[PDB]
Amino acid sequence: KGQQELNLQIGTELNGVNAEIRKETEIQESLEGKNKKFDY
Amino acid sequence: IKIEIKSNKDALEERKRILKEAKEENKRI
């Protein structure tokens with residue numbers, strides 16, 4: 001019982017971490033485009 | 001059950017590290 005509940009919690013944490021991950025990727029690419037504009 | 005729990009935990013850790021590294025890189029940019 002506990003094993004499965006813990007796995008479900010780990011899945012929810014996975015979901016949150018992925019959300020944060022591609023959010024950070026978006027921020028990265030935004031700053032990167034800004035970097036290229038500043039280089040230009 | 002057990003092994004899937006451990007695998008999910010581990011992968012979650014590595015993706016958290018990826019998140020933290022992306023945060024470092026965004027800050028540095």
# chains A, B, ... in the order shown; residues from 1 in each chain; ligands from 1

$ closest_atom_pairs --of "chain B" --to "chain A" --cutoff "7 Å" --atoms "only C-alpha atoms" --output "JSON lines"
{"residue": "B:1", "atom": "CA", "partner": "A:3", "partner_atom": "CA", "distance": 6.4}
{"residue": "B:2", "atom": "CA", "partner": "A:3", "partner_atom": "CA", "distance": 6.6}
{"residue": "B:5", "atom": "CA", "partner": "A:7", "partner_atom": "CA", "distance": 5.0}
{"residue": "B:8", "atom": "CA", "partner": "A:10", "partner_atom": "CA", "distance": 6.4}
{"residue": "B:9", "atom": "CA", "partner": "A:10", "partner_atom": "CA", "distance": 6.3}
{"residue": "B:12", "atom": "CA", "partner": "A:14", "partner_atom": "CA", "distance": 5.7}
{"residue": "B:15", "atom": "CA", "partner": "A:17", "partner_atom": "CA", "distance": 6.9}
{"residue": "B:16", "atom": "CA", "partner": "A:17", "partner_atom": "CA", "distance": 6.2}
{"residue": "B:19", "atom": "CA", "partner": "A:21", "partner_atom": "CA", "distance": 4.8}
{"residue": "B:22", "atom": "CA", "partner": "A:24", "partner_atom": "CA", "distance": 6.0}
{"residue": "B:23", "atom": "CA", "partner": "A:24", "partner_atom": "CA", "distance": 6.1}
{"residue": "B:25", "atom": "CA", "partner": "A:28", "partner_atom": "CA", "distance": 6.9}
{"residue": "B:26", "atom": "CA", "partner": "A:28", "partner_atom": "CA", "distance": 4.7}
{"residue": "B:29", "atom": "CA", "partner": "A:31", "partner_atom": "CA", "distance": 6.0}

$ atom_distance --atom1 "CA of residue 39 in chain A" --atom2 "CA of residue 27 in chain B"
17.4 Å

$ decode --residues "range 8-23 of chain B" --atoms "N, CA and C atoms" --output "PDB file, in the first residue's frame"
ATOM      1  N   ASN B   8      11.806   5.642 -10.314  1.00  0.00           N
ATOM      2  CA  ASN B   8      11.179   6.956 -10.369  1.00  0.00           C
ATOM      3  C   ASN B   8      11.911   7.940  -9.472  1.00  0.00           C
ATOM      4  N   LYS B   9      12.279   7.509  -8.264  1.00  0.00           N
ATOM      5  CA  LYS B   9      13.034   8.375  -7.366  1.00  0.00           C
ATOM      6  C   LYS B   9      14.332   8.834  -8.018  1.00  0.00           C
ATOM      7  N   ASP B  10      15.097   7.887  -8.561  1.00  0.00           N
ATOM      8  CA  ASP B  10      16.390   8.223  -9.145  1.00  0.00           C
ATOM      9  C   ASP B  10      16.227   9.188 -10.310  1.00  0.00           C
ATOM     10  N   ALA B  11      15.360   8.839 -11.265  1.00  0.00           N
ATOM     11  CA  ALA B  11      15.141   9.704 -12.416  1.00  0.00           C
ATOM     12  C   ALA B  11      14.675  11.083 -11.981  1.00  0.00           C
ATOM     13  N   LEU B  12      13.834  11.148 -10.946  1.00  0.00           N
ATOM     14  CA  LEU B  12      13.402  12.431 -10.414  1.00  0.00           C
ATOM     15  C   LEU B  12      14.593  13.232  -9.915  1.00  0.00           C
ATOM     16  N   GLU B  13      15.532  12.567  -9.240  1.00  0.00           N
ATOM     17  CA  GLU B  13      16.732  13.259  -8.780  1.00  0.00           C
ATOM     18  C   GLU B  13      17.529  13.821  -9.953  1.00  0.00           C
ATOM     19  N   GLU B  14      17.761  13.004 -10.985  1.00  0.00           N
ATOM     20  CA  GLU B  14      18.565  13.505 -12.103  1.00  0.00           C
ATOM     21  C   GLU B  14      17.870  14.663 -12.810  1.00  0.00           C
ATOM     22  N   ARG B  15      16.552  14.584 -12.992  1.00  0.00           N
ATOM     23  CA  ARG B  15      15.863  15.688 -13.652  1.00  0.00           C
ATOM     24  C   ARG B  15      15.831  16.933 -12.773  1.00  0.00           C
ATOM     25  N   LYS B  16      15.798  16.765 -11.450  1.00  0.00           N
ATOM     26  CA  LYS B  16      15.954  17.916 -10.567  1.00  0.00           C
ATOM     27  C   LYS B  16      17.323  18.555 -10.750  1.00  0.00           C
ATOM     28  N   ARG B  17      18.364  17.732 -10.892  1.00  0.00           N
ATOM     29  CA  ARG B  17      19.693  18.276 -11.152  1.00  0.00           C
ATOM     30  C   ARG B  17      19.725  19.018 -12.482  1.00  0.00           C
ATOM     31  N   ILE B  18      19.053  18.474 -13.496  1.00  0.00           N
ATOM     32  CA  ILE B  18      18.967  19.157 -14.785  1.00  0.00           C
ATOM     33  C   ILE B  18      18.286  20.507 -14.618  1.00  0.00           C
ATOM     34  N   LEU B  19      17.204  20.544 -13.842  1.00  0.00           N
ATOM     35  CA  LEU B  19      16.520  21.801 -13.558  1.00  0.00           C
ATOM     36  C   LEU B  19      17.468  22.806 -12.914  1.00  0.00           C
ATOM     37  N   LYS B  20      18.206  22.358 -11.903  1.00  0.00           N
ATOM     38  CA  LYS B  20      19.087  23.249 -11.162  1.00  0.00           C
ATOM     39  C   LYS B  20      20.202  23.772 -12.064  1.00  0.00           C
ATOM     40  N   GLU B  21      20.735  22.907 -12.931  1.00  0.00           N
ATOM     41  CA  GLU B  21      21.752  23.332 -13.887  1.00  0.00           C
ATOM     42  C   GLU B  21      21.191  24.344 -14.879  1.00  0.00           C
ATOM     43  N   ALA B  22      19.971  24.113 -15.368  1.00  0.00           N
ATOM     44  CA  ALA B  22      19.351  25.075 -16.273  1.00  0.00           C
ATOM     45  C   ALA B  22      19.172  26.418 -15.585  1.00  0.00           C
ATOM     46  N   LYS B  23      18.840  26.398 -14.295  1.00  0.00           N
ATOM     47  CA  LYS B  23      18.725  27.642 -13.541  1.00  0.00           C
ATOM     48  C   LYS B  23      20.070  28.356 -13.454  1.00  0.00           C
TER      49      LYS B  23
END
